[PDB]
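Asks: Build me a model from this:
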Amino acid sequence: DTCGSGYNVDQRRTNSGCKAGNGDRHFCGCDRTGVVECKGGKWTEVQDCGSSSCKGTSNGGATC
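Replies: Numbering: from 1, shown residues only. The coordinates are given below.
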């Protein structure tokens with residue numbers, strides 16, 4: 001899922017469902033404290049930014 005109203009196109013809700021076509025794209029979680037990737041059908045945190053620093057794009061490319 002996206003994060004909802006007030007959130008940006010580079011964000012996906014950690015632990016929510018995700019389509020397999022996402023491949024290994026990296027997005028930011030809603031609070032920007034982590035980078036997520038679609039694994040096993042769920043947005044899964046692959047890097048903990050600690051602070052709310054994650055940024056990416058609508059096509060992926062997120063980094064802390």
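Asks: hey, where'd the strands end up in this structure?
Replies: Taking DSSP state E as the criterion, the chain carries its strands at 26-28, 34-39, 42-48, 55-57, 60-63.
Asks: what's the closest of these to residue 9?
Replies: With C-beta to C-beta as the measure, strand 55-57 is the member of those nearest residue 9 (7.5 Å). Placement of C-beta: from N, CA and C, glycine included.
Asks: List the strands paired with the closest one, with their directions.
Replies: Applying DSSP bridges to the sheet, strand 55-57 is found paired with strand 60-63 (antiparallel).
Asks: measure residue 40 to residue 22 for me?
Replies: Here the distance between residue 40 and residue 22 works out to 12 Å (C-beta to C-beta, to the nearest Å).
Asks: Comparing these two, which shows the higher neighbour count?
Replies: It is residue 22, of residue 40 and residue 22, that has more neighbours when counted by other C-beta atoms under 10 Å, with 17 against 7.
Asks: what's near enough to touch the more buried one?
Replies: Residue 22 sits next to 37-38, 60 when contact means C-beta atoms under 8 Å, 6 or more residues apart in numbering.
Asks: Check the strands of the chain for me and report the most buried one.
Replies: Looking across the strands of the chain with neighbours counted as mean count of other C-beta atoms under 10 Å, the highest average goes to strand 26-28: a mean of 25.
Asks: Which elements pack onto that strand?
Replies: Packed against strand 26-28 by the contact rule (3 or more C-beta pairs under 8 Å, 6 or more residues apart in numbering; DSSP states H and E) you find strand 34-39, strand 55-57, strand 60-63.
Asks: I would like the residues contacting it, please.
Replies: With C-beta under 8 Å, 6+ apart as the test, strand 26-28 has contacts from 8, 10-12, 34-37, 43, 46, 54-56, 60-63.
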